[PDB]
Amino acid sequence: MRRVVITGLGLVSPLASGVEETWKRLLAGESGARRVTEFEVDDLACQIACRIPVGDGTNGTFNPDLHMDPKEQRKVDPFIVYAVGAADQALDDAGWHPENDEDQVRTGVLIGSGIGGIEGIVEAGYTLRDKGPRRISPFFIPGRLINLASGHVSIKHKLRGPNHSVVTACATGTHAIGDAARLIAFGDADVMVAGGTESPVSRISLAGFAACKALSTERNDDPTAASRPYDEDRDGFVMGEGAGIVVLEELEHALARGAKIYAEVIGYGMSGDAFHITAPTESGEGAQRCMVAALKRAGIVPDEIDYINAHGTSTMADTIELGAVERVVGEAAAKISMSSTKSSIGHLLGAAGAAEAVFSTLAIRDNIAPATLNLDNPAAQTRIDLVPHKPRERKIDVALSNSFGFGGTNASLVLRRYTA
């Protein structure tokens, strides 16, 4: 089994396009939450979302034209464009652009999404009913398939290794990264472009998530205060959009070319709640077993954990997760920092785990735990440092990142500073 390190980062987020710019804004306490203006929301229970700032590419804005010609953008749903953007950044960061046969066939891609092209499916549904089948675009199917994010990235960068994709709701980005690391550890690839992408800010998606009572509805006129993980007055998640990507690389491969190393992927755990289609198990036992499995894989004990990037969606379940984490870490609780960056950028669904893996990696690099914004009145008493309001500078060598999705699908990743 080979060791796997992170050698590139990419991020298209509700704060910025770009890793350093998102991170700077995150740490400064900026929020991506705002009123949705791009489509009708006056009749929706939830009128807010965390949206990518679109522009010419300067000042941290996202210019999709820098990654895909506008004619090509019109053929796909936004989740594909976000993945290409973040993948471009990550490969640039890694200094990895496979040109010879060996480098191409040993580099793959594994990018997941939770819901994929729901928006474009609804639009094509209208074309079908209104205008008829001969008006359906030849690009309808490929531009809406979840695995075509991997597809577009592979084609653009000549990545001929394993081409794969996962779909596990809120856990997607975390499974994608764990699975890509295993592909490298087991010898199927030497480099993987891995992560998650989502474009869930659409009328049908906001309506659908409101219907199952998942979304914040009481702060439509104060959107930056809406996402408030662990707070007494939390009322549901705030949807976000974008993509997180990491370049993963076998350790010897990285050292032999002198690639800068951000951190090492050392653990990965998975479990199932087997409880309910949308509700978390009341006891948190599934989350607990997931974390335990990841730590066992990593060969570490709770005394070695510094930072936890929570699932922490700003729902009633935040406290169940907190309870499960407390049981896992025991007496180490008082020296661990745990925060939810969903307080800042909302819930990116299938991309959440990938964005949060990037943030967990930067927390190690910079020895700083991101804040939980809006934590005015914690719902529970805990010894864990929930990093309320402002980031905390502290030693961080080991980060744990949790994702617990619809259907009872749980995944955790353990990252550690690379020393030797």
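Sequential numbering from 1, following the sequence displayed.
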Quick check: 328-336 versus 128-136, which has the larger average CA B-factor in the record?
128-136
For the stretches 172-180 and 274-282, which has the higher mean C-alpha B-factor as given in the deposited record?
274-282
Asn100, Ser227, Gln89, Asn147, ranked by C-alpha B-factor: the highest one
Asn100
Per the entry's Cα B factor values, which of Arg35, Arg365, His67, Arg51 stands out as the maximum?
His67
Quick tally, chain-level thirds of C-alpha B-factors: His152 sits in the lowest
In terms of the CA temperature factor given in the entry, to which third of its chain does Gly18 belong: lowest, middle or highest?
middle
For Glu249, the third of its chain into which the C-alpha B factor falls
lowest
Position of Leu413 among the chain's modelled residues by C-alpha B-factor, lowest, middle or highest third:
middle
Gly187: CA temperature factor from the record, placed by chain third, in the highest
